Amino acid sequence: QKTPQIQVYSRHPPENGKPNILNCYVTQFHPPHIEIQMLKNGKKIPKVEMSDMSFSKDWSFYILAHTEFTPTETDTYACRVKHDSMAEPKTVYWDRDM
């Protein structure tokens, strides 16, 4: 059992009003069963694309969730993940200043 690393980041440096892509990269996990949801202001974002599923040399799993988005000064975004290694679902917020 390996607990997922959860990384949330945009394709371009965020500029309010400019289209972008938000990513949630969930990695280094095992077993493979997992639930990944991207959220905007606490609400599930529909039609998120899952891609780039692979595993590393130590067999842990990697997968990308991504969606198009136009940031605004008020909207908040996060990625919520449920996996057996964790007692509670883990919610990771997008940090636009990282």
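We call the rigid core the largest set of C-alpha positions that still match within 1.5 Å between the two forms. All residue numbers are counted from 1 along the displayed sequence.
A.B. asks: Find the stretch among 35 to 43 and 49 to 57 with the larger RMS C-alpha deviation in 7 other deposited structures of this protein, all structures being superposed on the shown form by the rigid core.
C.D. replies: Per-stretch check in 7 other deposited structures of this protein: the more divergent one is 49 to 57.
A.B. asks: Could you check which stretch, 67 to 75 or 28 to 36, carries the larger mean CA temperature factor in the entry?
C.D. replies: On average, C-alpha B-factors are higher across 67 to 75.
A.B. asks: Using only C-alpha atoms and the B-factors in the entry, which stretch averages higher, 40 to 48 or 54 to 62?
C.D. replies: The stretch with the larger average C-alpha B-factor is 40 to 48.
A.B. asks: Once the chain's modelled residues are ordered by C-alpha B factor and cut into thirds, is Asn16 in the lowest, middle or highest one?
C.D. replies: Highest third, going by the recorded CA B-factors of the chain.
A.B. asks: Is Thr3 in the lowest, middle or highest third of its chain when residues are ranked by C-alpha B-factor?
C.D. replies: Tercile = highest for this residue's CA B-factor.
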